[PDB]
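Asker: So I pulled this structure from the PDB, and the sequence comes with it:
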Amino acid sequence: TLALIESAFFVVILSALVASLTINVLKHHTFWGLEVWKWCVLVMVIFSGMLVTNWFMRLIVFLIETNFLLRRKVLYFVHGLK
């Protein structure tokens with residue numbers, strides 16, 4: 001539910017950034033002293049960075065699970081500080 005909305009927003013932001021990079025029509029417009037594509041890429045950076053932080057935390061957890069290390073204290077520390 002909530003995660004689906006975030007994923008859709010991230011996908012939309014990525015598509016908009018790709019369109020702006022490929023198409024120079026949007027580059028012709030600017031606001032706040034900067035090009036619109038730059039601001040769109042920045043906002044997409046914020047949101048997709050939250051999403052990528054979540055994904056990277058999941059990937060790091062998966063890698064630690066596959067790692068040969070099995071220390072109890074390390075597992076608790078990772079769970080607490082993730």
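Answerer: Received it, and whenever you're ready, just let me know what you need. Numbers count the residues shown, from 1 in each chain.
Asker: Against which helices or strands is the helix or strand that contains residue 63 packed?
Answerer: Element membership for residue 63, per DSSP states H and E: helix 36-66. Under the contact criterion of 3 or more C-beta pairs under 8 Å, 6 or more residues apart in numbering; DSSP states H and E, helix 36-66 touches helix 2-22, helix 72-81. Quick note: C-beta positions are derived from backbone N, CA and C, even for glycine.
Asker: Tell me the buried residues in that helix?
Answerer: For helix 36-66, burial by neighbour count (16 or more other C-beta atoms under 10 Å) applies to 36, 37, 40, 41, 44, 48, 51.
Asker: who are the neighbours in contact with the fourth one?
Answerer: What that stands for is residue 41. Residue 41 sits next to 17, 20 when contact means C-beta atoms under 8 Å, 6 or more residues apart in numbering.
Asker: please redo it, this time with the cut-off set to 7 Å
Answerer: Residue 41 makes contact with residue 17 under the criterion C-beta atoms under 7 Å, 6 or more residues apart in numbering.
Asker: how much space between it and residue 20?
Answerer: With the distance defined as C-beta to C-beta, to the nearest Å, residue 41 ends up 7 Å from residue 20.
Asker: rewinding a little: tell me the angle of the helix holding residue 63 relative to helix 72-81?
Answerer: Following axes from the mean of the first three to the mean of the last three C-alpha atoms, to 10 degrees, one obtains 160 degrees for the angle between helix 36-66 and helix 72-81.
Asker: what distance separates helix 36-66 from the centre of its chain?
Answerer: 2 Å (C-alpha atoms, centre = their mean, to the nearest Å).
Asker: Kindly report the same for stretch 5-22.
Answerer: Mean C-alpha position of stretch 5-22 versus that of the full chain (C-alpha atoms, centre = their mean) differs by 11 Å.
Asker: which other residues reach it?
Answerer: Residues outside stretch 5-22 that contact it (C-beta under 7 Å, 6+ apart): 26, 27, 37, 40, 41, 43, 44, 47, 48, 51.
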